[PDB]
Each structure stands twice: as C-alpha cells, then as structure tokens.
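> Mind looking over this structure? Questions follow.
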Amino acid sequence: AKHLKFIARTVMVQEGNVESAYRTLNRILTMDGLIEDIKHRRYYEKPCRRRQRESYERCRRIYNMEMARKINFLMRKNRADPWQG
Amino acid sequence: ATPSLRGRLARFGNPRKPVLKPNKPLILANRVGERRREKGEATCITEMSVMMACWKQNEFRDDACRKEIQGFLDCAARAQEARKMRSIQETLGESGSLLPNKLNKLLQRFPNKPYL
Amino acid sequence: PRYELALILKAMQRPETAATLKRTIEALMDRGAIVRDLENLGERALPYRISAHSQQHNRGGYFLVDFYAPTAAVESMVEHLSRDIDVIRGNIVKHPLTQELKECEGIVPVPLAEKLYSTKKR
Amino acid sequence: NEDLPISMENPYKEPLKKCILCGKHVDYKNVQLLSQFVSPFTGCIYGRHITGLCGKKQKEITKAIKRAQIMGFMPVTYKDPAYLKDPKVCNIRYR
Amino acid sequence: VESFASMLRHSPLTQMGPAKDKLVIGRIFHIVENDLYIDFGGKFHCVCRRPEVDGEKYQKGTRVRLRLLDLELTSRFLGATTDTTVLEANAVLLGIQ
Amino acid sequence: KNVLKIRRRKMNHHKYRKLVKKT
Amino acid sequence: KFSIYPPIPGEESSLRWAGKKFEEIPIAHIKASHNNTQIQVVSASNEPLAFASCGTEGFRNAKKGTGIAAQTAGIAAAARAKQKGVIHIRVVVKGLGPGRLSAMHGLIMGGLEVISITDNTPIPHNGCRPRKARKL
Amino acid sequence: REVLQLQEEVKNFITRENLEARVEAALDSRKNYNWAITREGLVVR
Amino acid sequence: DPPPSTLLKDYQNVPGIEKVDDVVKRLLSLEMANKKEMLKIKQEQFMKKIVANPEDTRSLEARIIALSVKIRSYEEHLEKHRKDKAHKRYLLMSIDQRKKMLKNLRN
RNA sequence: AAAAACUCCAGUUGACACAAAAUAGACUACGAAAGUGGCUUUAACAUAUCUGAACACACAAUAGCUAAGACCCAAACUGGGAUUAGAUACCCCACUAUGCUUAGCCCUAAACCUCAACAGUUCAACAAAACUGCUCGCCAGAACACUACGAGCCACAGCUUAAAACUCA
Ligand SMILES: [Mg+2]
Ligand SMILES: [Mg+2]
Ligand SMILES: [Mg+2]
Ligand SMILES: [Mg+2]
Ligand SMILES: [Mg+2]
Ligand SMILES: [Mg+2]
Ligand SMILES: [Mg+2]
Ligand SMILES: [Mg+2]
Ligand SMILES: [Mg+2]
Ligand SMILES: [Mg+2]
Ligand SMILES: [Zn+2]
C-alpha cells in the first residue's frame with residue numbers, strides 16, 4: 001500500500017515480446033518462491049501437516065541433489081565400450 | 001553445497017529432538033524415477049476466437065470466414081504434425097536430458113550399496 | 001552502555017530543525033544522557049509512505065546520535081519522541097561494535113554424515 | 001630409518017575459505033550493502049545456496065535487513081532503485 | 001640394498017606432490033575412434049576426447065603434455081559406505097610434447 | 001501398525017460418554 | 001543494452017511511448033480468480049476510462065472462470081480504450097486465474113500496446129487466516 | 001590504556017554551550033555509511 | 001545495596017580515578033551499566049566481608065554467596081514478573097542447591 | 001458442475017487493528033518439557049562429582065469453565081442451499097461459542113523421537129547397529145477396564161489412582 005507502484009515484480013516488454021516477458025516473470029517469481037506460497041496460502045494448512053510437507057520437501061531436495069551429483073559425476077563414464085572382451 | 005544432516009533424524013547419540021522424519025529410509029537407490037507427461041494438449045484458442053467473432057459478425061458467411069477458417073485448419077494441422085514430431089523426438093531420445101533407460105543401465109553397471 | 005538514537009524529522013527548514021535538535025538533546029541532558037557525537041545522514045525521500053501523528057510525509061531528514069544513559073532514560077525518551085509530533089520517528093538501539101566481534105577462522109568443510117542405517121542387505 | 005615418514009601437519013592444506021563479508025563488519029545503516037543481498041523484484045532475501053556466505057554473517061545480515069525494514073531505512077517490497085547498478089554477487093539464472 | 005622407504009622418499013611421486021594443476025607428459029595405450037586414454041603416471045590412466053584441432057596427430061606413442069586434478073575420480077554419496085570411483089582421472093590438455 | 005486395541009478402547013469410551021450424558 | 005527494469009520519476013528515462021513518458025500512460029487492471037476475472041482501464045491520474053468483465057460480457061457460472069471469456073472481455077475493453085483514444089497501456093495483474101494470460105492477448109488483439117506488466121498481487125505475511133482446506 | 005580513549009574523548013562530547021555549535025556544524029555537514037562489496041571481497045563506495 | 005555512583009570493578013586497581021573527570025566517573029558508575037556489574041560488586045563485597053582468601057571461587061562459601069546474590073537478583077526479577085514461571089523454577093532450583101551445599105558445608 | 005446469498009454490490013485510488021507475524025528457514029539455536037522463528041528496551045536463561053519423591057512443590061500443548069472487554073478473518077453448533085432412496089457429513093453461503101488482552105479455575109494429549117539419567121566400548125524380524133558398570137521408575141495372557149467401588153482436587157456430564165466377578169485358549 002504505502003510502497004510505490006511499478007517498481008517491484010515487474011517486467012518491461014521489449015519489441016512487444018509479451019509472452020517472453022510473462023515467461024521471465026514466471027521464472028523470476030518461481031525462483032523467488034511466491035506462486036507456490038500463494039497457492040498454498042489459498043486454503044489454510046495446519047502446522048503439523050505443513051511441517052510434514054516441509055520435511056518431505058527437504059528430503060526430496062537432498063535426494064534429487066545427490067541424484068544430479070552422481071549423474072554429472074558418472075555421465076563421462078558412459079561412452080563407447082573400449083574393451084569388448 | 002548440499003545441506004547437512006548431522007542431527008536432523010532421531011538417533012541414539014543425538015540428544016536434542018529430531019527435525020526430519022522421512023517415511024522411507026534415505027538410501028540412494030540404483031533406480032531413477034521415469035519422466036512424466038505435463039498436461040493435456042490444447043491449441044487454436046485464438047483461431048477459434050477470431051472464428052466465433054467473424055461468425056457473430058457475418059452470420060456464418062463462409063466466403064468471409066475464408067481467412068479465419070484457413071488459419072484455424074492450418075493451426076490444427078500444425079498442432080498434429082507437432083505432436084507427431086515431438087513423439088518421434090521423445091522416442092529417438094530427448095536432447096539435453098538424460099534418458100531413464102540408460103540412466104538405469106549406468107546405475108546397474110555402477111550401483112551403490114548401503115551394506116558393506 | 002551505549003545507545004544510538006536513529007531519528008527521522010520532517011523535511012523542513014534549518015531554523016526549526018535546529019530547534020527540534022536542541023530541544024531533543026536538552027531532553028537527553030534532562031534524562032541524564034551524555035552525547036558522544038551527532039551524525040547527520042541528511043534529507044532523503046522516504047522509500048515507503050508513512051503516517052505522522054496527524055499527517056503523512058514522503059520525504060524525511062535522517063539524523064543519528066550516540067550517547068550513554070541509564071535504562072529508564074530509554075523509555076522516557078521513547079515516550080517523549082512518541083508524544084512529540086515534530087519527530088516523525090525515533091528509535092533507540094544498542095551499539096554493534098561494542099559487542100566484541102568474534103574472531104572468524106573461515107567456513108569449515110562439512111563432511112557427509114554416515115552410519116545413518118545399519119549394514120543390511122535388505 | 002631416516003627415510004621413514006613422521007607424524008606432521010598438513011602443509012598442503014589450503015586455507016579455510018572465508019566469505020566476502022566473513023571478516024568485515026555489517027550494520028543496519030549500510031543500505032547499499034543490505035540491498036545488495038536481496039531480491040530487486042520481489043524484495044525477499046536470497047537463500048544461502050544463492051548467496052554463498054557463512055551462516056553467522058547470513059543471520060547478521062538478514063537481521064539487519066529486517067531491522068532497517070521495520071525502522072524505515074529500507075522498504076520491504078521494492079529494492080531502492082538507486083542501488084541497482086551495484087556489483088552483483090548473488091548468482092542468478094533467470095538472466 | 002635399498003629400503004622401500006628410501007625409494008619412496010626419492011620417488012617421482014613424493015616430489016610430484018599434489019596432482020592439482022601440474023603439467024605432466026604421457027602417452028596413450030588404447031584409443032577409440034573418438035577418444036584416447038593417456039598413460040601418464042601412477043596407477044590410473046586418464047581418459048580424454050580428441051580435439052578437432054590437430055586431431056590427426058594422435059596415434060600410438062604420442063607424447064602429450066597436459067595438466068590434471070587428481071589421480072583417481074571418486075565421490076562419497078549418502079548410502080555409500082565406501083566412496084564410488086570411476087577408475088579414471090580427470091585431466092585437461094593444452095599441448096603436445 | 002494395527003490399531004484394533006485403540007479402536008476397541010475408543011468404542012468403549014464413546015459408549016461410556018453416551019451412557020454418562022444419558023444418566 | 002535494453003534495460004528490463006522500469007523507469008523511475010527521477011531521471012533519466014530514455015524511452016517514451018507515442019511521445020509520452022512512462023508515468024502519464026494509462027494503466028489497465030486485471031483481477032484474476034478461479035471463478036472469474038475482472039478487467040478495468042484507468043488513467044494515470046486515477047480516472048477510470050472503461051470497465052468490463054466476463055459477467056458483463058454475458059458468461060454464466062461455469063463459463064466466467066475461463067480463458068475465452070477473458071479474451072472476449074479483453075477485446076471489449078481494448079475496443080473501449082481505442083474508441084477513447086488510448087494506444088499504449090501499462091499492465092497490472094492481481095492474483096491467479098485461468099484467463100490471466102488470456103486478458104493480455106485479448107487486449108493486444110483489440111489493438112492496445114502493453115508496455116510493462118506488474119504483478120500487484122496481494123501477499124499476507126501471516127496476517128489473516130484463510131478458510132480451512134475443503135475435502136472433496 | 002583503554003581508559004585513555006574515552007577520557008580524552010570527553011572534550012569531543014557535546015555540552016550545553018557547545019550544542020548551538022555542534023548541532024549547526026552537523027546539520028551543515030553530510031555523512032553517508034553506504035558501501036558495497038564485490039565478488040572477491042573488496043570494498044567499493 | 002551498594003550505591004549507584006560506585007565505579008566498576010575493573011577500574012579499581014588503576015589509580016587513575018582521582019585524575020579522571022567526574023563525568024567519566026559517572027559513566028563508569030554501575031548505574032550506567034546493567035545489573036550484573038552491581039551483582040559482581042556485591043559478590044566482591046560479601047567476599048571481603050567473609051572469606052579469608054579472596055578471589056577463590058572454588059570455595060564452598062564463595063559459591064554460596066555468589067548463588068545467594070544470584071538468588072536475590074532472581075527474586076527482584078520475580079517481583080518484577082510475578083508470571084515468569086521459568087525464573088520461578090530457576091530460583092527454586094537455585095535455593096535447593098543452596099540448601100544442599102549449606103548442609104554439606106555444615107557437615 | 002450447480003444452487004442459494006449480496007446488489008449499502010464490484011474495481012482503482014487516499015486514511016485506518018488489542019488480529020497472526022512470507023522470504024531468510026536448504027538455517028539446527030534456546031528452554032527440563034510443553035514451546036519459542038515481525039522490530040526495540042528491560043530483567044534473565046541453576047548447580048564446575050552422578051542418581052534420585054505417584055506421601056511434596058512448580059510448570060504442563062490445544063480444548064473447556066468463571067467475570068470483564070477487544071471484532072479483520074476462520075470456525076464448532078446452528079440455519080439455509082446442493083447431492084443422496086435416505087445424509088443429522090463430505091460440496092457451497094451466513095453466524096455464534098471460541099481462537100485474542102486481563103484475574104482465576106480445569107491439569108488432560110499418538111505429552112512419541114513411543115527408545116529413562118549418569119560415565120563409557122566397538123545381531124530373532126522390522127524400526128533408528130550391537131553393547132558395558134551403577135541408579136530410579138515401569139511391566140507379568142486377552143477383554144471385562146482411560147470401567148465399578150473407595151480416597152483427593154476451586155473440578156459436579158470431570159480429572160488422578162485403580163481393581164473384582166464371569167468367558168476363552
Ligand atoms: Mg513410515
Ligand atoms: Mg521460513
Ligand atoms: Mg515425578
Ligand atoms: Mg479460553
Ligand atoms: Mg466471540
Ligand atoms: Mg511434543
Ligand atoms: Mg512416553
Ligand atoms: Mg531420574
Ligand atoms: Mg484420556
Ligand atoms: Mg476411572
Ligand atoms: Zn564469515
């Protein structure tokens with residue numbers, strides 16, 4: 001309210017590229033974590049279940065990060081088999 | 001870069017309370033989750049919008065609808081050929097993304113073990 | 001201990017600004033404070049709109065003072081600046097450097113925890 | 001006997017990494033430094049994985065950010081437009 | 001007679017020290033149509049991809065100089081009681097001979 | 001794990017509450 | 001070279017539209033919801049120019065919260081703005097909804113030029129308690 | 001030795017008659033605390 | 001109940017309190033500082049009153065007097081906050097330990 | 001999806017709360033636990049051998065009662081509108097008790113991380129590896145039984161303690 005308008009969470013159209021502007025808006029806002037927050041705050045979510053969901057998200061993040069790590073670590077190994085026999 | 005998990009779980013030597021309580025035991029499996037579809041195909045929304053427009057203006061006059069209906073048919077054909085293109089692309093293999101089948105192959109060639 | 005008063009007045013002319021400042025430091029001396037020094041931040045446009053006791057102000061004048069005073073002087077000055085309308089805002093805080101900065105030896109590498117689960121083939 | 005190894009410190013040890021503000025001081029008044037570590041669009045404080053500094057300094061800087069916000073030195077919604085042409089330290093990907 | 005402790009103290013590897021960003025000469029023993037494996041030193045050979053520039057000058061017995069990071073690529077994961085390895089070594093080349 | 005014990009106890013407590021509010 | 005950030009009343013703004021500065025250009029407001037979206041056109045100085053919505057267009061309960069009705073309302077409001085004599089427009093959006101993306105394309109096809117899009121959506125910092133989660 | 005600092009700084013501490021000079025000097029002068037830091041950790045103003 | 005104007009502990013060995021300004025003396029008075037300075041001044045006072053060998057914290061009676069002044073501080077905190085059950089329990093446990101050490105000292 | 005409801009309705013702009021305090025938080029800190037994650041100030045976070053009262057004392061999540069008040073929002077109950085053969089519910093709209101500040105009472109939870117404190121070491125299955133020395137507390141088939149009787153409590157449809165009879169393998 002007190003803050004001025006047309007500064008925060010904005011996107012300036014260039015060459016009338018409205019779809020690209022909207023895509024960059026989605027990208028920045030999802031990287032900052034707002035749309036998820038609002039679709040969660042739509043309906044009230046109790047503290048216990050919110051804590052459970054958040055722990056689930058932490059575990060998922062750790063698991064997927066380890067998965068990506070091992071993928072990037074062992075993708076170089078996947079090449080043409082030099083030693084057939 | 002990864003977040004540490006020294007005393008997040010309920011362990012004997014961990015005096016304080018636990019933070020995390022995963023349903024399944026955290027062991028990196030030798031199988032990776034296969035990809036999934038995103039949503040249901042939709043196309044031609046602006047085409048059918050201009051079609052309904054020119055319809056309500058011209059009282060279903062085909063010779064005046066010519067351009068709207070031509071654009072609509074062309075966009076439908078583009079959607080069909082794009083579906084076929086992306087199908088053949090997903091079959092031959094996603095470029096930039098690593099395939100689940102060969103991911104599983106790599107993981108079974110170099111699998112991890114929780115045990116000794 | 002040390003107390004830093006961050007103060008925000010309304011954008012107005014030097015005579016009345018000096019009047020407000022001298023009366024504020026007179027209130028300090030009455031409470032029993034001893035001012036170390038005064039630091040002028042200057043006149044600047046406030047980022048977000050605010051509401052005074054009876055009006056609103058988009059700009060303001062940021063000043064800073066640091067002093068030594070007892071505890072009751074703190075609440076006395078807080079209520080004084082709340083009652084005063086010429087003071088758009090006044091906030092007391094402790095001094096950061098008075099707290100000895102703990103020597104920093106850098107970020108230690110965290111090794112991956114192990115022995116989460118017993119040795120079982122499953 | 002002389003050629004045998006010996007218990008000894010590790011001189012190959014690279015010095016411990018220190019964040020850019022590990023040694024420096026941070027206060028609630030350095031609006032420039034405090035708006036450096038915050039979203040320009042949404043105004044939220046970036047996480048540690050985006051920032052890349054020690055937890056003590058992260059706590060101190062976020063506390064100072066909130067203090068400046070509640071005091072009035074800084075807003076919460078939109079970063080100050082004057083401090084946008086500053087060194088970008090927090091790694092981003094949207095551009 | 002010479003003690004193995006003396007031979008190790010005088011070894012090329014103890015004077016080599018850390019493999020992090022250190023030039024070394026090596027040669028190849030096996031080469032696939034797209035990649036070549038240089039036997040450079042220590043236990044493991046280092047795999048590498050042929051550069052399109054000067055790609056012809058890559059045959060058996062070629063003395064290629066290159067830097068490296070480590071002698072063995074390994075990493076410890078969550079459920080890895082023992083760190084998993086690659087049986088290879090990462091290395092970057094910028095010249096030959 | 002199974003919860004038949006607490007289900008029996010729940011039903012008995014419910015019946016006791018009903019009889020109490022009745023009498 | 002292009003600056004994605006919007007201009008500021010403090011100098012310098014090196015880009016005008018129709019020989020006009022960013023501030024005085026009219027602003028369009030979109031309020032999106034799962035059931036319906038509401039559109040409005042206002043001057044830079046709070047003066048409303050045109051107003052429309054799916055209900056005013058004549059869409060029923062199931063059809064209010066869709067993208068097609070959003071496109072039709074956008075076309076309508078853009079026609080109103082063009083009849084008034086407005087070429088450029090600064091977009092402002094509020095909340096999620098089906099026709100959120102559709103209203104902008106509707107305005108464009110109606111013949112307006114969107115300069116910037118601001119996500120002026122409400123966000124409570126644990127202020128109020130919404131309704132409980134419904135079970136279906 | 002620590003007593004040395006705050007003892008001589010008493011002269012810098014304002015008083016009743018020094019008020020109508022220090023207040024004016026401060027409001028005439030300007031001061032800024034802002035300073036940024038680059039990637040490697042060098043102060044920039 | 002020491003006076004407020006009494007300067008800090010650490011600035012007692014130094015002979016510079018006579019030369020230094022009275023404004024600095026007031027600044028160094030404990031009334032400017034928090035209650036822990038007064039607490040430690042009272043601890044030193046009880047020491048000089050009672051103990052034969054000062055600056056010996058390991059002594060049973062030294063610990064007793066320290067915990068007693070801490071208990072009186074907690075008492076004041078409680079008359080300021082009749083509601084603080086945390087500090088109520090802290091005081092109760094402190095006096096329990098105090099009675100324990102009093103009886104073992106009697107033995 | 002629809003119905004019902006309001007049009008003193010809906011949208012922008014300007015002012016306004018005793019309501020709860022995104023992001024940081026991918027942080028693991030404090031408190032004995034219950035809990036504490038908007039900002040500032042105050043006071044302050046025990047015991048430098050360990051254990052230990054269910055004959056005591058002090059707290060004890062949410063809910064509830066007593067007397068004042070506070071009114072954005074939510075919501076039991078309730079009313080109404082949908083659906084169902086039926087729906088005393090799940091779907092939708094309105095609202096109260098209540099969630100809040102005071103002075104008290106009630107003293108219970110999957111109060112579980114169901115893994116006791118202290119000082120230490122390196123296999124029933126599942127779960128969170130196997131253990132050592134000492135200490136307090138708890139347990140001895142299911143159900144009857146978070147029950148009856150008795151005793152205490154500011155509690156009166158209650159709480160704490162806690163059986164017995166009969167039946168069965
Ligand atoms: Mg489970
Ligand atoms: Mg958070
Ligand atoms: Mg007990
Ligand atoms: Mg109540
Ligand atoms: Mg009420
Ligand atoms: Mg609990
Ligand atoms: Mg238990
Ligand atoms: Mg015990
Ligand atoms: Mg019970
Ligand atoms: Mg009973
Ligand atoms: Zn640091």
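> Can you tell me how chain H classifies by the Cα gyration tensor, rounded, prolate or oblate, using a/c under 1.5 as the rounded cut?
Numbers: a/c = 7.12, a/b = 1.57, b/c = 4.53.
Taking the square roots of the gyration eigenvalues as a ≥ b ≥ c, chain H is oblate.
> Further question on the same structure: Would you mind ranking G:49, B:9 so that the residue whose beta carbon has the fewest other beta carbons within 10 Å leads the list?
Values: G:49 19, B:9 16.
Ranking G:49, B:9 by Cβ neighbours within 10 Å, fewest first, gives B:9, G:49.
> With θ taken as phi - 60° and the coefficients 6.51, -1.76 and 1.60, list the Karplus ³J(HN,Hα) couplings across region A:11-21 in order, rounded to whole Hz; mark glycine and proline as x.
Computed from phi, the couplings for region A:11-21 are 8, 8, 6, 10, 6, x, 9, 5, 5, 5, 4 Hz.
> Taking a cut-off of 27 Å, what percent of all Cα-Cα pairs in chain G are separated by more than that? Please report the intermediate quantities before stating the final value.
Details: 2531 of 9180 pairs.
The proportion of pairs with Cα distances above 27 Å equals 28 percent.
> How large is ³J(HN,Hα) for each residue in region I:8-19, as worked out from phi by the Karplus curve 6.51 cos²θ - 1.76 cosθ + 1.60 (θ = phi - 60°), to whole Hz, x for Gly and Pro?
Those phi angles translate into 5, 5, 4, 8, 10, 5, 5, x, x, 6, 6, 6 Hz.
> So if I place +1 on the C-beta of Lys and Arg and -1 on the C-beta of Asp and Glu, and nothing else carries charge, what would the dipole magnitude of chain C be about its Cα centre? I want it in debye, nearest 20.
840
> Here is a further query. Could you list which residues have their amide H under 5 Å from that of residue E:32, counting only those 5 or more apart in sequence or on another chain, with H placed in the peptide plane?
Excluding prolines and chain starts, which carry no amide H, the hits are E:37.
> Also, I was wondering about something else. Once you sort the root eigenvalues of the Cα gyration tensor of region A:42-85 as a ≥ b ≥ c, which label holds: rounded (a/c under 1.5), prolate (a/b larger than b/c) or oblate (the other case)? Can you show the working numbers first?
Values: a/c = 5.91, a/b = 5.20, b/c = 1.14.
Because a/c hits 1.5 or more and a/b exceeds b/c, region A:42-85 counts as prolate.
> Another question about this same structure. Would the protein assembly as shown count as rounded, prolate or oblate if I go by the C-alpha gyration tensor, calling it rounded below 1.5 in a/c and otherwise prolate when a/b exceeds b/c, oblate otherwise? Walk me through the intermediate numbers first.
On the way: a/c = 1.66, a/b = 1.17, b/c = 1.42.
Since a/c reaches 1.5 but b/c is at least a/b, the shape of the protein assembly as shown is classed as oblate.
> Across chain D, what fraction of all alpha-carbon pairs, as a whole percent, falls in each successive 5 Å bin from zero upward?
Taking every Cα pair in chain D, the percentages come to 2, 11, 21, 21, 14, 7, 4, 4, 4, 4, 3, 3, 2, 1, 0.
> Tell me the Kirkwood hydrodynamic radius of chain A in angstroms, computed as one over the mean inverse distance between distinct C-alpha pairs. Kindly include the intermediate steps, with their values, before the conclusion.
Details: mean 1/r = 0.0564 Å⁻¹.
Over chain A, the inverse of the mean reciprocal pair distance is 17.7 Å.
> Fewest first, what order do G:118, C:71, E:82 take by the number of other Cβ atoms within 10 Å? Working shown, then result.
Working: G:118 20, C:71 14, E:82 11.
Final ranking by Cβ density, sparse to dense: E:82, C:71, G:118.
> So, one more: Charges at C-beta only: +1 for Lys and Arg, -1 for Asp and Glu. How large is the resulting dipole of chain D about its Cα centre, in Debye rounded to 20? Numbers along the way, then the final one.
On the way: 17 positive and 8 negative charges, 145 e Å.
Value, rounded to 20: 700 debye.
> So which residue, out of E:57, E:22, E:43, gets the largest mean-square fluctuation from a GNM of chain E using Cα contacts under 10 Å as springs?
With Cα springs under 10 Å in chain E, the top fluctuation among E:57, E:22, E:43 is at E:57.
> Related question: Take G:1, B:113 and order them by how many other Cβ atoms sit within 10 Å, fewest up front.
On the way: G:1 2, B:113 15.
Ordered by Cβ neighbours within 10 Å, fewest first: G:1, B:113.
> Moving to a separate point now. Against the 2.2 N^0.38 Å scaling, with N counting residues, where does region C:2-94 land? I'd like the Cα-based Rg ratio to two decimal places.
Working: Rg = 12.8 Å, N = 93, 2.2 N^0.38 = 12.3 Å.
So the Cα radius of gyration is 1.04 times the expected 2.2 N^0.38 Å.
> Right, something else. Per the Cauchy relation, a quarter of the hull surface: what is the mean projected area of the convex hull of the alpha carbons in region E:1-73, in nm²? The partial results should precede the final answer.
Details: hull surface 24.5 nm².
Orientation-averaged projected area of the Cα hull: 6.1 nm².
> Sticking with this structure for a sec: Regarding chain I, what is the average projected area of its C-alpha convex hull, in nm²?
On the way: hull surface 32.6 nm².
Projected over every direction and averaged, the Cα hull of chain I covers 8.1 nm².
> Karplus couplings for region I:73-83 from phi (6.51 cos²θ - 1.76 cosθ + 1.60, θ = phi - 60°), rounded to Hz, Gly and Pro as x?
With coefficients 6.51, -1.76 and 1.60, one gets 4, 5, 4, 4, 4, 7, 5, 7, 10, 4, 8 Hz.
> OK, next. Springs between alpha-carbon atoms under 10 Å, Gaussian network over chain E: tell me which of E:68, E:36, E:78 tops the mean-square fluctuations.
Result: E:78 has the largest fluctuation of those listed.
FYI, it's all coordinate maths here, none of it is from the lab. Neighbour counts are summed over all protein chains in view; Cβ atoms, including those assigned to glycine, are modelled from backbone coordinates with ideal geometry.
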